[PDB]
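In what follows, every heavy atom counts, from backbone to side chain, and hydrogens, waters and symmetry copies are set aside. The chains referred to below are lettered A, B, ... by the order of the sequence lines, with proteins before strands, and numbering in each begins at 1.
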Amino acid sequence: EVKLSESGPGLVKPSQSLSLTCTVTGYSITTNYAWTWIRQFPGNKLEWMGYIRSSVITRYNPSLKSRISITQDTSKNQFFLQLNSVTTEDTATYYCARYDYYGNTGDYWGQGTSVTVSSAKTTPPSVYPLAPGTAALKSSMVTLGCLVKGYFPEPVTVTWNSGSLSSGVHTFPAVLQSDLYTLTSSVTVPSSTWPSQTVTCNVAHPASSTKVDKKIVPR
Amino acid sequence: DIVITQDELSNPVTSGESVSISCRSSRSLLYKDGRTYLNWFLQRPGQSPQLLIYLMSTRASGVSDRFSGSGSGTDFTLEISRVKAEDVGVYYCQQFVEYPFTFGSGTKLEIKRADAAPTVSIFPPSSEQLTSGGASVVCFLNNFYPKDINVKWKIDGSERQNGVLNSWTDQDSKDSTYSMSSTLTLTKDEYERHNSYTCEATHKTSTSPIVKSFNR
């Protein structure tokens, strides 16, 4: 019944300071648990960063030297990560988790938040519909898509019909080309339900405050 | 510090089979209190790590009894009984006896299922993109097994390798297949100078390439 959620900038410049917030709901942080930060690098290596426990006790990974501080705001039931003097090596997905003293976290981890360390600039994606060139077999399936092109940094979120279309979607990992990412998403639906029912992809890029819907129309 | 090692699985596992995954530590994880401080996590594709086992053999709340942990103080095994499609992902051990509470490098579990041909779809550049001065041709090769696949592009009958970018999904948690996107990016000018575009998939399930084409 506990829930944890990370928040903070998805882009930080080199030599600057990374700050993240873990908001805890459903359980008090002035407790005997290790309220901890973990990160996962591109390539998927996991690293323990540190914890705060019982409000005033902390411990940090020696790898982080004196760059790291973990603090809390009891009034807001939040704990914080500060990581100073960042480099590109600090690009990672950051997670908060509640560890008990025996190592048990259950599934009390946040969803994670992506932090990219780069001098490059926030760029919004252009979103393009992928319709089929001609007609394909009816009373079968039809695949449609969206091309989410030229954004920085990660991530983007793609849904279809605002989440109503969940099965038969494949959202592919972004590819990086010249400091810009490109991703495609496909969706497969009964050729019965298109183009008779509308199919639209919803693309969000939080970093640039972008939120675009693109309706897939027969060409 | 303690060094944690996890071994590769050499083979994919069929739904229903059981599989054992190994983790080793250079130092004993048995503590003074008689407990052994070793965790196992599953990270499913696209998700946060989820703990399965802590103290070497204790299941977390809600964790299926299909997952069982055993070991000495230095060699540990996670046994996954009666594997389900949803078990696919990477299994990490983590020592919890001393700083820096190191995670192992992970062991990926792949599910073995029946071979399935890719469903291939091709998409001309959108009119919106053409306006912008660019032209991306997109091909999806969806829900195939096994993961090994080749994609080839042809423009007016001649193979094209430059300007192709590929992306591949992790194994699907529901049907144990893989999917791939292939995008051929050209300038609007380049795109207008040719007529026939073909995406061609070579996969074990077909002697001939499975091709999708359109004429500009």
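With a threshold of 4.5 angstrom between heavy atoms, B/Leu55 approaches chain A through its backbone and through its side chain. For A/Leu130, the parts sitting under 4.5 Å from any heavy atom of chain B are the backbone and the side chain alike. For B/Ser179, the parts lying under 4.5 angstrom from a heavy atom of chain A are both the backbone and the side chain. With a 4.5 angstrom heavy-atom cutoff, A/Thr36 does not touch chain B via any of its atoms. In this structure, chain A has a heavy atom under 4.5 Å from the side chain of B/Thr185, while its backbone stays farther away. For chain B, the nearby part of A/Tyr99 is the side chain; its heavy atoms alone come within less than 4.5 Å. Heavy atoms closer than 4.5 Å to chain B are found in the backbone of A/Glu47, but not in its side chain. With a 4.5 angstrom heavy-atom cutoff, B/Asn166 touches chain A only via backbone atoms. The contact between B/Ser132 and chain A is made entirely by side chain atoms (from C-beta outward), counting heavy-atom distances below 4.5 Å. Heavy atoms of B/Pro49 lying under 4.5 Å from chain A belong to its backbone as well as its side chain. Residue B/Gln94 touches chain A through its side chain alone, counting heavy-atom pairs closer than 4.5 Å. The contact between B/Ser181 and chain A is made by backbone and side chain atoms together, counting heavy-atom distances below 4.5 Å. Heavy atoms closer than 4.5 Å to chain B are found in both the backbone and the side chain of A/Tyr102. A/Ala131 touches chain B through its backbone: at least one of N, CA, C or O sits under 4.5 Å from a heavy atom, while the side chain does not. Contacts of B/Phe123 with chain A are made by both backbone and side-chain atoms, with heavy-atom separations under 4.5 Å.
When the candidates B/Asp175, B/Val90, B/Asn143, B/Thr58 are compared by the number of heavy-atom contacts under 4.5 Å with chain A, B/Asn143 comes out ahead. The most heavy-atom pairs under 4.5 Å with chain B, out of A/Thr93, A/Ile38, A/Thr105, come from A/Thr105. Of the listed residues (B/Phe214, B/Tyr31, B/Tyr99, B/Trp168), the greatest number of heavy-atom pairs within a distance under 4.5 Å of chain A belongs to B/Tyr99. Interface remark: of the candidates B/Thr169, B/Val138, B/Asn142, B/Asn142 forms the most heavy-atom pairs closer than 4.5 Å to chain A. Residue with the most contacts toward chain A among B/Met180, B/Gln47, B/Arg59: B/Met180 (heavy-atom pairs, distance under 4.5 Å). Contact tally against chain A (heavy-atom pairs below 4.5 Å) for B/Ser126, B/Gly106, B/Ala60, B/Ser121: the top residue is B/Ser126. Residue with the most contacts toward chain A among B/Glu128, B/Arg35, B/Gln50, B/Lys174: B/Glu128 (heavy-atom pairs, distance under 4.5 Å). Put simply, of A/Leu183, A/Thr143, A/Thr182, A/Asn61, the one with the most heavy-atom pairs under 4.5 Å next to chain B is A/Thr143. Interface remark: of the candidates A/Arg59, A/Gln111, A/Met49, A/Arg59 forms the most heavy-atom pairs closer than 4.5 Å to chain B. Heavy-atom pairs under 4.5 Å with chain B peak, among A/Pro129, A/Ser126, A/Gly112, at A/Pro129. For chain B, the option among A/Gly106, A/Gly43, A/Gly133 with the highest count of heavy-atom pairs below 4.5 Å is A/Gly106.
With respect to the salt-bridge test (charged N to carboxylate O, under 4.0 angstrom), the residues B/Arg44 and B/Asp170 do not qualify. Between B/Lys108 and B/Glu8, no side-chain nitrogen of the basic residue sits less than 4.0 Å from a carboxylate oxygen of the acidic one, so the salt-bridge criterion is not met. The pair B/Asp1-B/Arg27 does not meet the salt-bridge criterion, since no charged nitrogen lies less than 4.0 angstrom from a carboxylate oxygen. Note on A/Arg67 versus A/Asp90: salt bridge recorded, some NZ/NE/NH1/NH2 to OD/OE distance being below 4.0 Å.
Formation of a donor-acceptor pair under 3.5 Å by the B/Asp75 side chain with backbone atoms of B/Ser72 is not found in this model. Formation of a donor-acceptor pair under 3.5 Å by the B/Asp156 side chain with backbone atoms of B/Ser196 is found in this model. Remark: side-chain polar atoms of B/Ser48 are paired, donor with acceptor, to backbone N or O of A/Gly110 under 3.5 angstrom. Under the 3.5 Å distance criterion, the side-chain polar atoms of A/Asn161 are left unmatched by any main-chain donor or acceptor of A/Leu165. Judged by distance alone, the side chain of A/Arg219 and the main-chain N or O of A/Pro132 form no donor-acceptor pair under 3.5 Å.
For the atom pair CD1 (A/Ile70) and SG (A/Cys96), the distance works out to 10.5 Å, reported to the nearest 0.5 Å.
Ring geometry for A/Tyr151 versus A/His205: interplanar angle over 60°, hence perpendicular rather than tilted (30 to 60°). The aromatic rings of B/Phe140 and A/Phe172 sit parallel, their planes meeting at an angle under 30°, below the 60° perpendicular limit. Aromatic ring orientation, B/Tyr197 versus B/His194: perpendicular (interplanar angle above 60°, classes split at 30° and 60°).
A donor-acceptor pair shorter than 3.5 Å cannot be found between the side chains of B/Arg113 and B/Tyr145.
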Verdict with reasoning, A/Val2 to A/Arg98, per side chain to side chain contact (heavy atoms under 4.5 Å, CB included): CA-CA 9 Å; A/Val2 190; A/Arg98 188 190 84 174; 3.8 Å; yes
